[PDB]
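In: what's the 3D shape of this:
(chains A and B)
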Amino acid sequence: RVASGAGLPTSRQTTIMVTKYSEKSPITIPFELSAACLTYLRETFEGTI
Amino acid sequence: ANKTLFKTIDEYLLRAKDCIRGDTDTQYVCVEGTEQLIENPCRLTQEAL
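Out: Numbers count the residues shown, from 1 in each chain, chains lettered A, B, ... in the order given. Structure data below:
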């Protein structure tokens, strides 16, 4: 604020209030895995190269 | 208003400045709320534009 020699009042209340919010925007990404790729991934038949 | 030219200058700034109530929707005479005065060169020159 600023002091003044004018007769107009200046604010008696330093520091104004401010309300704010935390607007969440979640995201989601599917990614498929074929059941074949999984069943071959863990298992090892050891039958051929 | 008749004066020596320097006294007309001191009247031109100390006194001649207008005080319209410009904050309101339409023109009004001064509140005496010590809002800034408005200089009027035409009042001294007496020449409307």
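
In: every contact and neighbour count from this point should use C-alpha atoms.
Out: Will do.

In: what is the neighbour count of residue 8?
Out: Defaulting to chain A. For residue A:8, the number of neighbouring residues by other CA atoms under 10 Å in any protein chain shown comes to 11.

In: wait, chain B
Out: Count around residue B:8 with other CA under 10 Å applied: 16.

In: again with residue B:39
Out: There are 15 residues near residue B:39, going by other CA under 10 Å.

In: spatially nearest residue to it, not counting backbone neighbours?
Out: Across the structure, with CA to CA, 6 or more residues apart in numbering or on different chains as the measure, the residue nearest residue B:39 apart from its sequence neighbours is residue B:17 (4.1 Å).

In: what residues are up against the one you found?
Out: Neighbouring residues of residue B:17 by CA atoms under 8 Å, 6 or more residues apart in numbering or on different chains: B:37, B:38, B:39, B:40.

In: which bits of chain B sit near chain A?
Out: Proximity of chain B to chain A is assessed by CA under 8 Å from any CA of the partner chain, with B:33, B:34, B:35 identified as the residues in range.

In: any quick PyMOL command for the buried ones out of these?
Out: Under the burial definition 16 or more other CA atoms under 10 Å in any protein chain shown, those of the residues of chain B next to chain A that qualify are selected in PyMOL by:
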select buried, chain B and resi 35
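
In: identify, from the residues of chain B next to chain A, the entry nearest to residue A:5.
Out: residue B:34 (9.9 Å; CA to CA).

In: what sits against the closest one?
Out: Residues A:6, A:7, A:8 are the ones in contact with residue B:34 under the rule CA under 8 Å, 6+ apart.

In: how close does the first one get to chain B?
Out: Think residue A:6. Using CA to the nearest CA, to the nearest Å, one obtains 6 Å as the distance from residue A:6 to chain B.

In: same question for the last one.
Out: Shown here: residue A:8 relative to chain B, a distance of 6 Å by CA to the nearest CA.

In: fine by me, thanks again.
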